[PDB]
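Peer 1: Take a look and give me a structure for this.
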Amino acid sequence: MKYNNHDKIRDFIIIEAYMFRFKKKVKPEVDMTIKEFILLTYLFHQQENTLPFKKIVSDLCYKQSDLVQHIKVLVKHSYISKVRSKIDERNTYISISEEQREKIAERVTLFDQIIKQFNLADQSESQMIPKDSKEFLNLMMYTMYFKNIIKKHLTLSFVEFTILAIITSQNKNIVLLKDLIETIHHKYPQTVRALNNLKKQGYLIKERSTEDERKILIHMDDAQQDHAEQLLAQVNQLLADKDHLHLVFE
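Peer 2: Numbering: from 1, shown residues only. Okay, here it is:
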């Protein structure tokens, strides 16, 4: 009861789910945020001992407003220092001394270990999963990139799209709502609302059994299958030849 296709959409679904599990287990046990670990990973992997802030804003998928504070946190904690631009004085440059690059390196080595240990304790079934900080960074950026594309070219949310894709790969087979909810990382509220909107718009059928009214059946008829197919096809095109798993490094 999974996404039965080996395209880039499958990549997103797998990674998005992995990131959910990772966050769930790690965020409570560690005081440094995941975004903070990713910023440090980025900063570690690049030669200049000094860079323009706008370079970080452009290289990663985070909005600038979501970076300003974590830079402050990283600064406050001596991982980096900030210098004002001598040209457009409203701009900023981040500097990394030999002493700071060392504090960063150890911190990224810790992240490497956290990822490794998580993978060992996790149902690491797929080969997709990040193996170290650099890979984690890239795959995390892919989920953000995938999501931006969804809201730019479609009217559906990324959750509704996930659900549509999963059901579409069932080739007309009937799926039970509770089997669907059990298989995905998304919770009941979000899932049901996604299905109700998908039904309403006409993407799929959501009906109840007539003898065992307890079961909620989800599936698509010929027409709907066809449309969904085209749709998954368009999206896969949009993500075509982009080195989606290496948007930042390598």
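Peer 1: show me what contacts the residue nearest in space to the middle of the chain?
Peer 2: The chain has residue 143 as the residue nearest its centroid, 2.9 Å off, counting by Cα atoms, centre = their mean. Residues near residue 143 by Cβ atoms under 8 Å, 6 or more residues apart in numbering: 12, 15, 16, 19. Yep, even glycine has a C-beta here, placed from its N, CA and C like the rest.
Peer 1: ok, the residues you listed vs residue 155, which is closest?
Peer 2: residue 12 (18.3 Å; Cβ to Cβ).
Peer 1: Drop anything exposed from the contacts of residue 143.
Peer 2: Neighbour counting over the contacts of residue 143 (16 or more other Cβ atoms under 10 Å) leaves 12, 15, 16, 19 as the buried ones.
Peer 1: Would you map out the domains in this protein?
Peer 2: Here the domain parsing of the chain from curated CATH domains is 1-127, 128-250.
Peer 1: and residue 52, how many neighbours?
Peer 2: Per other Cβ atoms under 10 Å, the neighbour tally for residue 52 reads 14.
Peer 1: Can you tell me, leaving aside adjacent residues, what's nearest to it?
Peer 2: Nearest residue to residue 52 in three dimensions, chain neighbours excluded: residue 93, at 5.6 Å (Cβ to Cβ, 6 or more residues apart in numbering).
Peer 1: ok, that neighbour - contacts?
Peer 2: 50, 51, 52, 53, 82, 83, 84, 85.
Peer 1: which among the residues you listed end up buried?
Peer 2: Burial by neighbour count, 16+ other Cβ under 10 Å: within the contacts of residue 93 this picks out 51, 53.
Peer 1: Going by contacts, tell me the helices and strands next to the longest helix along the chain.
Peer 2: Counting by DSSP state H, the longest helix found in the chain is helix 98-121. When contacts are defined as 3 or more Cβ pairs under 8 Å, 6 or more residues apart in numbering; DSSP states H and E, helix 98-121 packs onto helix 8-26, helix 34-44, helix 133-153.
Peer 1: farthest residue from the center of the chain?
Peer 2: Distance-from-mean max, the chain, by Cα atoms, centre = their mean: residue 211 at 40.4 Å.
Peer 1: Spell out which helix or strand contains it, please.
Peer 2: Using DSSP states H and E, residue 211 maps to neither a helix nor a strand.
Peer 1: how close does it get to residue 172?
Peer 2: Residue 211 is 21 Å from residue 172, where distance means Cβ to Cβ, to the nearest Å.
Peer 1: How about residue 41?
Peer 2: On the measure of Cβ to Cβ, residue 41 and residue 172 end up 44 Å apart.
Peer 1: Of the two, give the one with the bigger neighbour count.
Peer 2: More crowded of residue 41 and residue 172, by other Cβ under 10 Å: residue 41, with 24 against 12.
Peer 1: what's the closest non-adjacent residue to that one?
Peer 2: Counting by Cβ to Cβ, 6+ apart, the residue nearest residue 41 is residue 133, at 4.1 Å.
Peer 1: wouldn't that neighbour be in contact with residue 39 here?
Peer 2: No. Contact between residue 133 and residue 39 fails when scored by Cβ atoms under 8 Å: they sit 11.1 Å apart.
Peer 1: Need the overlap of contacts for these two.
Peer 2: Contacts common to residue 133 and residue 39, judged by Cβ under 8 Å, 6+ apart, are absent.
Peer 1: For stretch 123-137, C-alpha coordinates in CSV please.
Peer 2: This file holds the C-alpha atoms of stretch 123-137, laid out as CSV (Å, rounded to 0.1, in the frame of the first residue of the first chain):
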residue,chain,number,x,y,z
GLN,A,123,13.6,1.1,9.5
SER,A,124,16.3,2.2,7.0
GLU,A,125,14.8,0.2,4.2
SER,A,126,15.3,2.5,1.3
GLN,A,127,18.6,3.6,-0.3
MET,A,128,17.3,7.2,-0.5
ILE,A,129,18.0,8.3,3.1
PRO,A,130,20.8,10.8,3.8
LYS,A,131,24.0,9.2,5.0
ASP,A,132,25.7,12.3,6.4
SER,A,133,25.3,16.0,6.9
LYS,A,134,26.0,17.0,3.3
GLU,A,135,23.4,14.5,2.0
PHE,A,136,20.9,15.5,4.7
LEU,A,137,21.3,19.2,3.6
